[PDB]
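Residue numbers (my numbering): 20 to 88. Below is one structure, written out as structure tokens; comments come after it.
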Amino acid sequence: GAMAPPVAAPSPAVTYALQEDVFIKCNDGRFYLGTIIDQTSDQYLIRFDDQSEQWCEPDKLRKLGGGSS
């Protein structure tokens with residue numbers, strides 16, 4: 020989804036910086052910690068600990084230390 024991913028919350032609008040670790044939820048419910056390598060306005064390319072790169076929507080990403088953005 021773009022801007023409004025399917026969640027139990029309104030339309031998320033969060034941004035992240037590259038080279039930053041964030042937790043990513045997969046549809047199975049598990050969260051995988053990964054490092055952001057690229058961003059778009061709709062998704063963030065996360066390179067996980069397993070070095071896989073996936074475009075994850077902003078709803079899947081959670082900040083490690085609160086985040087000011």
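We put the CB at the ideal spot given by N, CA and C, even for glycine.
Membership of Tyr-35 in any beta strand (DSSP E) is not indicated, and neither H nor E is assigned to it by DSSP. The three-state secondary structure of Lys-44, taken from DSSP, is strand. Taking 7 Å as the cut-off, the beta carbon of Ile-65 is found closer than this to the beta carbon of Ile-55. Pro-25 counts as exposed, since fewer than 16 other C-beta atoms from the protein chains shown sit within 10 angstroms of its C-beta.
DSSP places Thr-59 in the coil class of the three-state scheme, outside both helix and strand. Using a Cβ distance threshold of 7 Å, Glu-76 and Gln-62 count as a contacting pair.
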